[PDB]
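Listed next as structure tokens is one chain, alone, in the form solved without the DNA.
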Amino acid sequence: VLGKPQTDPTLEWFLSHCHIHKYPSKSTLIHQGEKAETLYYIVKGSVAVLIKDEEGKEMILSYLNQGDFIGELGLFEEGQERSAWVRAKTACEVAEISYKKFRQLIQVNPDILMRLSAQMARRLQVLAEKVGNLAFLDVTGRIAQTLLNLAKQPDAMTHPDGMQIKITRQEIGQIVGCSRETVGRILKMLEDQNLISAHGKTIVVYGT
């Protein structure tokens, strides 16, 4: 740890080879199907990784945040496509560099490949969990897990009745696979089970 701020010059070395660019909230950094030729690094902000179906429904594969790489999957063979959309959820600052350039950096210092790889490992772990949720739990179950997750981060909040979070009906729906209005119906149901206290900023009692 560099304490609160863990920057390390490996990072700064890395970053000095990139151009940093800003993106307002809801800007799309990456479009599914685009040719993959560029790697991103999130200096500031957080993003949504999402996929769409044939009707236009969107679901969230993951949230990523500062310190996270993005656009890394097309890096090990060329001629690939972006596997998903990536959208800024907040204002963002993101470093970017060509794949060839990045491939060059690796030669010099493979610890950058190690750090990237370690992120991919974590993503697969997390995907495995998310897959059991989606495959086994019913839409209420997925919603409760979700809540229980959003609250399990240092970006959440605290409260006598537990921890509070800032999430919307569309958000949750995109994470569990259901409408806006279903979520509302299910969030009322849980409040009723005195599982939560909602108000735009949900209050998860916490325990599971």
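Start at 1 with the first residue shown and count on from there.
The same protein also has a form solved in complex with the DNA, omitted here; what follows describes it.
Find the only residue in 158, 153, 168, 27 having a heavy atom within 4.5 Å of the DNA in the deposited complex. Among 158, 153, 168, 27, a heavy atom within 4.5 Å of the DNA in the deposited complex occurs only for 168.
Heavy atom within 4.5 Å of the DNA in the deposited complex: which of 149, 32, 65, 182 fits that? Just give me the one. Among 149, 32, 65, 182, a heavy atom within 4.5 Å of the DNA in the deposited complex occurs only for 182.
May I ask you to state whether residue 177 is within 4.5 Å of the DNA in the deposited complex, using heavy atom distances? Residue-level check for residue 177: yes, a contact with the DNA.
Considering non-hydrogen atoms and a 4.5 Å limit, does the DNA approach residue 129 in the deposited complex? Output for residue 129 is no: heavy atoms all beyond 4.5 Å of the DNA.
Taking heavy atoms and a 4.5 Å cut-off, does residue 139 contact the DNA in the deposited complex? Close contact exists here: in the deposited complex, residue 139 approaches the DNA to within 4.5 Å, heavy atoms only.
Indicate whether the DNA has at least one heavy atom within 4.5 Å of a heavy atom of residue 19 in the deposited complex. It does not: once the DNA is placed as it appears in the deposited complex, residue 19 has no heavy atom within 4.5 Å of it.
Quick check for you: of 117-125, 131-139, 75-83, 104-112, which stretch puts a non-hydrogen atom within 4.5 Å of the DNA in the deposited complex? One stretch meets the cut-off, namely 131-139.
Using a 4.5 Å cut-off on any heavy atom, which residues of 49-70 would contact the DNA in the deposited complex? The stretch touches the partner through 57 alone.
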